[PDB]
Amino acid sequence: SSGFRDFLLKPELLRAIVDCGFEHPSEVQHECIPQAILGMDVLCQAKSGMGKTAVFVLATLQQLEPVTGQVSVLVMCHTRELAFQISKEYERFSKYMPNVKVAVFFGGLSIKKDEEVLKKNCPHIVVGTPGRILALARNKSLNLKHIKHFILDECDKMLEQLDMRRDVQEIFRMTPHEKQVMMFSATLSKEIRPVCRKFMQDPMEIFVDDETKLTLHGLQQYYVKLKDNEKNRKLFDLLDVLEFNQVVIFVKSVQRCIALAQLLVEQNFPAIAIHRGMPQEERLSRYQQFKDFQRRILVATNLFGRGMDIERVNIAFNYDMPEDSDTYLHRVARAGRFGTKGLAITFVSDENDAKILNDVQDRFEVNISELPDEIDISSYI
Amino acid sequence: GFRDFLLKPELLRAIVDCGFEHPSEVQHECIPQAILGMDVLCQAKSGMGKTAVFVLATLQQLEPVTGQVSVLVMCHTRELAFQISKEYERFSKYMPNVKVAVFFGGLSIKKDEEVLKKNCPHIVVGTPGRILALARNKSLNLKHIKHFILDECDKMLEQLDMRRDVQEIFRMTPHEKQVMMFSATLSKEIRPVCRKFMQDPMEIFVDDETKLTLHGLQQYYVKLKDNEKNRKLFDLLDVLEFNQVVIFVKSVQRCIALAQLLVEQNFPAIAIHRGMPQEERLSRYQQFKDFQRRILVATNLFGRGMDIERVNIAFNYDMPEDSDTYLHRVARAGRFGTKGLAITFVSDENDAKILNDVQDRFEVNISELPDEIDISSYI
Amino acid sequence: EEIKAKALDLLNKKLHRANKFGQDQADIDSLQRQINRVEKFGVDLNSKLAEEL
RNA sequence: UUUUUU
RNA sequence: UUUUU
Ligand SMILES: Nc1ncnc2c1ncn2[C@@H]1O[C@H](COP(=O)(O)OP(=O)(O)O)[C@@H](O)[C@H]1O
Ligand SMILES: Nc1ncnc2c1ncn2[C@@H]1O[C@H](COP(=O)(O)OP(=O)(O)O)[C@@H](O)[C@H]1O
Ligand code: BEF
Ligand code: BEF
Ligand SMILES: [Mg+2]
Ligand SMILES: [Mg+2]
């Protein structure tokens with residue numbers, strides 16, 4: 001056959017990819033995987049939702065030699081749900097490598113469960129969030145001196161945060177100096193390339209520096225001008241006329257997330273909410289039912305703005321304007337995964353809202369038409 | 001045919017104004033004799049113009065004298081007295097020197113004395129209780145009346161309390177006068193009671209009661225228990241097209257509850273019954289006849305006499321107590337021979353016995369309600 | 001779903017009676033906007049439409 | 001019961 | 001807005 005055969009991956013890895021239904025690699029996979037399995041450090045930037053996860057999952061599994069009772073791979077990201085998503089993704093590609101063990105560690109759940117996992121059934125791959133991982137390392141429950149692969153996803157966001165940056169630096173110090181380091185994101189500010197660069201020796205550099213190509217040309221993106229009072233009524237009408245399977249609606253605070261979710265419910269919209277402050281077991285149950293297509297409407301903070309891969313999200317809503325063009329590009333990317341078509345609607349409330357939307361329009365050479373009153377169902381799905 | 005009656009031209013002008021083209025049977029039979037001042041005991045078919053008979057006959061004979069009341073008309077309910085008074089105004093359109101007035105309870109008697117002392121009418125319509133009170137305190141002078149009319153006379157004299165009041169009012173009036181009584185039902189037992197008020201009167205009886213039924217009415221029934229009555233009515237009110245309906249119940253308390261429940265199903269229903277303040281009763285009655293509301297829930301207060309043109313359906317939510325009540329009640333719809341619908345809820349075996357009593361007595365068929373009916377067949 | 005279909009029956013009667021008895025046009029649209037929303041989704045037990053239940 | 005000055 | 005407590 002053709003396609004993924006070019007890499008000469010392990011047969012049990014290739015049998016996993018077949019069961020995933022994938023037919024051909026994306027450009028980032030073709031470019032980055034063959035170098036990644038050699039042990040090279042990589043700094044990878046590529047179009048949103050184009051298969052960055054499978055790059056470091058397949059490459060680590062390819063290079064992995066399982067050692068019983070010893071953690072060889074560490075993968076970290078900025079949100080607990082993303083770490084959960086990455087762990088299950090590791091499980092689906094290690095489907096035919098029964099000896100490989102994967103675990104996920106994050107806060108909001110008892111540390112003793114994480115400790116019991118480590119001391120009773122030690123994994124070869126650990127994914128998790130910087131806080132809990134660092135806590136387990138200081139605990140000495142998590143032995144990080146056998147680490148051969150150090151992976152950061154959404155690395156620019158993880159390193160734009162100095163409190164999180166120092167935590168990942170403190171975690172980085174307790175790992176062997178000779179090991180692979182790979183960092184992934186769709187956004188790489190020219191400011192933060194050196195910050196990631198300090199973590200690697202002679203990395204391969206995948207850059208999209210000229211951001212003409214960062215846009216998802218399979219998405220139709222519009223906007224509407226309206227007051228804050230008109231935001232809710234316009235949202236209600238749009239949710240009534242537009243046909244969709246699933247929708248993500250982004251607000252700028254926890255207060256707005258809870259209030260809009262409650263207001264949608266009282267209008268008989270089966271809306272769920274996810275945000276920090278929920279019990280972690282509850283927001284895991286709410287993340288799963290959205291992923292398993294048991295709820296149609298999700299209201300979220302920027303907690304859901306990056307990396308989330310939901311199969312049936314057709315529309316993305318900017319009920320509040322994103323803080324920057326970085327956050328905008330990741331939120332709109334929650335629809336149209338792997339280049340399928342979708343829809344993105346942005347609310348322009350005040351001066352600063354139009355200020356940012358003209359920035360993102362200019363930065364990407366994109367057209368954002370004012371929203372027409374009738375849209376083809378063929379257009380966005 | 002109204003020309004032959006030899007009425008006053010203004011009176012004849014009022015007849016054409018309200019659109020009458022041909023007199024009814026009761027109008028042909030009774031009007032010429034009633035013009036002459038003869039006592040009349042009249043029974044006639046429901047809604048076939050008995051009111052016009054004694055309104056026109058008294059207006060024809062009336063020789064107004066500014067200080068005195070000449071015609072007294074009484075009936076059993078306040079709203080019927082109100083209806084009759086506006087019927088006098090309607091036929092007094094071209095007789096400007098004629099004054100009419102209505103007196104009934106539930107309104108201040110001082111205002112009734114005010115109209116008597118300051119602008120005394122020639123014709124008074126009222127209910128026996130208020131009329132008796134005005135006559136005893138001497139505000140109402142009954143010594144000049146020359147015409148004494150009872151409408152729904154059988155019901156008015158079957159009530160012993162009301163018969164006693166009417167008798168006392170009668171004894172305050174001159175012996176030389178015309179007395180006329182009207183109803184759609186005149187029992188064998190009550191005819192002599194009416195006759196004792198009269199002297200050699202013309203008698204109009206319907207002894208073949210099979211011709212008291214309105215063959216322009218479709219009459220059906222449904223067998224139901226009291227639990228099932230509420231929503232069978234709900235679906236019937238949804239399915240059947242109508243201009244106006246009247247829904248009859250057996251008590252004031254049931255009238256309040258059913259009306260309130262109907263509004264909460266967003267049927268714009270109104271209720272009339274005793275215990276409503278009379279201003280609310282009249283204003284509620286007026287808007288229903290003004291076509292402001294479509295659904296009326298009522299006790300027997302509305303069970304006879306009431307003349308609303310667009311009542312197409314009459315509902316017996318509770319079984320009428322006897323066959324007379326059924327006859328008058330069902331006749332609130334299909335006025336003057338027009339097409340209407342009648343639906344009766346039969347609750348227990350006694351209700352079925354009452355229904356069977358009705359269809360035997362009138363030789364009328366009350367078939368079970370079919371699942372779907374034609375709009376033209378009752379409109 | 002037994003709740004879903006029978007919620008549609010209450011609305012299909014409120015809408016019917018609103019038309020039959022001359023309701024305000026805002027009410028007609030509000031009921032229809034709710035009917036089509038209930039078909040596109042379920043019945044949320046915490047919704048204010050659960051007042052009738 | 002319903003209705004009839006209070 | 002997110003990241004052990
Ligand atoms: N070669 C491929 N063919 C088809 N789908 C793929 C391929 N690689 C990845 N995908 C799918 O694309 C979706 C988005 O991938 P993800 O790794 O979340 O994107 P990114 O991390 O680049 O934002 C996932 O559901 C994944 O299964
Ligand atoms: N000759 C006629 N032609 C048409 N309508 C009439 C005629 N006589 C009376 N009516 C109407 O019939 C309706 C009911 O009459 P009504 O006197 O209340 O009947 P009854 O008192 O005999 O039950 C009234 O609206 C009246 O205007
Ligand atoms: F850039 Be992908 F959506 F993680
Ligand atoms: F007898 Be009629 F209906 F006054
Ligand atoms: Mg990702
Ligand atoms: Mg009459």
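Computed over heavy atoms, backbone and side chain alike; hydrogens, waters and symmetry mates excluded. Throughout, a chain's letter reflects where its sequence line sits, starting with A, and its residues are numbered from 1.
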Please state whether the phosphate of E/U4, meaning OP1 or OP2, lies under 4.0 angstrom from any side-chain nitrogen or oxygen of A/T129. yes
Base, sugar-phosphate, or nothing for A/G305, non-hydrogen atoms under 4.0 angstrom? nothing
Separation of D/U4 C1' from B/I109 CD1 (nearest whole Å): 14 Å
Pick out which of B/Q159, B/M156, B/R171 makes a side chain to side chain contact (heavy atoms under 4.5 Å, CB included) with B/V166. B/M156
Rounded interatomic separation in angstrom, taking CD1 from A/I249 and P from E/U1: 18 Å
Kindly point out which of E/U2, D/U3, D/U6 is positioned nearest to the side chain of A/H78? E/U2
Is there a donor N/O on one and an acceptor N/O on the other, under 3.5 Å, for the side chain of A/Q161 and the base of E/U3? no
Without decimals, in angstroms, what is the distance between A/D167 CG and E/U5 P? 12 Å
Whole-Å distance, A/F84 CZ to E/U3 P, equals 15 Å
When you measure from the side chain of A/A135, which nucleotide among E/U1, E/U2, E/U4 comes out closest? E/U4
Roughly how far, to the nearest 0.5 Å, is the CZ atom of A/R132 from the CG atom of A/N139? 9.5 Å
Out of D/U4, D/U2, D/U5, minimum distance to the side chain of B/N300 belongs to D/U2
Using a strict cut-off of less than 4.0 Å between a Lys/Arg side-chain nitrogen and an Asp/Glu carboxylate oxygen, indicate whether B/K353 and B/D357 qualify as a salt bridge. yes
Between E/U1 (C1') and A/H330 (NE2): distance, integer Å: 14 Å
Using the side-chain heavy atoms of A/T301, tell me which of these nucleotides is nearest: E/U5, D/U3, E/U2. E/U2
Are B/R332 and B/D307 within salt-bridge range, i.e. N to O under 4.0 Å? no
For the side chain of A/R80, starting at C-beta, report the closest nucleotide among E/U3, E/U2, D/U4. E/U3
Sugar-phosphate only, base, or nothing, as touched by A/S253 at under 4.0 Å among non-hydrogen atoms: sugar-phosphate
d(CD1, B/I256; P, D/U1) in whole Å: 15 Å
For a quick test of reading the model, state the closest non-hydrogen atom pair linking B/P320 to B/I354 and the distance between them. O-CG2, 3.6 Å
Using whole Å, report how far CZ of A/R306 lies from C1' of E/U1. 11 Å
For A/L303, which contact category applies under a 4.0 Å heavy-atom criterion: base, sugar-phosphate, or nothing? sugar-phosphate
Identify whether any heavy atom of A/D163 sits under 4.0 Å from a base atom; if not, whether one sits that close to sugar-phosphate; answer base, sugar-phosphate or nothing. base
Quick one: is A/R132 getting a side-chain N or O under 4.0 Å of the E/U5 phosphate, OP1 or OP2? yes
When you measure from the side chain of B/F104, which nucleotide among D/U4, E/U4, D/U5 comes out closest? D/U5
Does a side chain donor of either A/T327 or A/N302 reach within less than 3.5 Å of an acceptor in the other side chain? no
B/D324 CG to D/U2 P, in whole Å, measures 19 Å
